[PDB]
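Take a look at this single chain in structure tokens; it is the form deposited in one PDB entry.
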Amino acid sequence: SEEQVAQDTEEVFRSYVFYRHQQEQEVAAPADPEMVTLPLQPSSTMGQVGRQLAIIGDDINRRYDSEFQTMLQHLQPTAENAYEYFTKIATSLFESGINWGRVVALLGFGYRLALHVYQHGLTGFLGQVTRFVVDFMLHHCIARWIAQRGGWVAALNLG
């Protein structure tokens, strides 16, 4: 069900966020303690899905990242508008269709958004970004799509 994939996203994302972050610490990366302080369950199935996504995120992040950074300075989001912004950008990743790389990038952006806002004083925002990601997927058929493919675990087969 799309509902299941949507409810699994919390862990997948948090885990992706943990792994993307840990890996990102091996130059002198943006510093964010909230991302390791993450409620995470490291090697559970979803934890494994998040890790695998973070790993694959590697070259996908090369088109996407620098770009997410830039726009983030463009309109520098507040707890108040950040939703409409996450939405403007997430909506653009699926313009021309959905696929795993685009999905991985949704997280990548969820991740950059989280990091960027923390950089600017906003603490405890991961739960909210996580809801942005989940809410967006439900309403934009991403959750339905992942389901159609066998769910988040289907990502275990990408690498």
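We call the rigid core whatever largest set of C-alpha positions still superposes within 1.5 Å between the two forms. Residues carry their position along the shown sequence, with the first being 1.
S.K.: Per the record, averaged over C-alpha atoms, which has the higher B-factor: 141-149 or 17-25?
M.R.: Result: 17-25.
S.K.: With respect to the recorded C-alpha B factors, which stretch has the higher mean value, 83-91 or 69-77?
M.R.: Per the PDB entry, the higher value belongs to 69-77.
S.K.: If you compare 51, 112, 63, 131, which has the highest Cα B-factor in the entry?
M.R.: Each of 51, 112, 63, 131 was compared by C-alpha B-factor; the highest is 63.
S.K.: Which is it among 117, 31, 35, 106: the one with the largest CA B-factor in the entry?
M.R.: So the option with the highest C-alpha B-factor is 31.
S.K.: Of the three thirds of its chain by CA temperature factor, lowest, middle or highest, which one includes residue 55?
M.R.: Its C-alpha B-factor belongs to the highest third of this chain's values.
S.K.: Please say which third, lowest, middle or highest, residue 40 falls into when its CA temperature factor is compared across its chain.
M.R.: Its C-alpha B-factor, which the entry lists for residue 40, ranks in the highest third among residues of this chain.
S.K.: Sort the modelled residues of this chain by their C-alpha B factor and say whether residue 123 lands in the lowest, middle or highest third.
M.R.: According to the entry, residue 123 has a C-alpha B-factor in the chain's middle third.
S.K.: Lowest, middle or highest third: where is residue 101 by Cα B-factor in its chain?
M.R.: CA B-factor rank for residue 101: lowest third.
What comes next is about the form solved in complex with a partner chain, which is not displayed.
S.K.: Examine residue 52 after superposing the rigid core and state whether its CA is displaced by 2 Å or more between this form and the one not shown.
M.R.: It does not reach a 2 Å shift.
S.K.: Taking the rigid core as reference, does residue 125 move its C-alpha 2 Å or further between this form and the one not shown?
M.R.: Superposed on the core, residue 125 moves its C-alpha less than 2 Å between this form and the one not shown.
S.K.: Would the C-alpha of residue 68 be classed as shifted by 2 Å or more between this form and the one not shown after rigid-core alignment?
M.R.: It does shift by 2 Å or more.
S.K.: Versus the form shown, are the CA atoms of residue 99 and residue 65 closer or farther apart in the entry with it bound, given a shift of 3 angstroms or more?
M.R.: Relative to the shown form, the pair is farther apart.
S.K.: Quick one: in the entry with it bound, is the Cα gap between residue 63 and residue 134 smaller or bigger than here? Answer closer or farther; it shifts by 3 Å or more.
M.R.: Farther: residue 63 and residue 134 separate by 3 Å or more in the entry with it bound.
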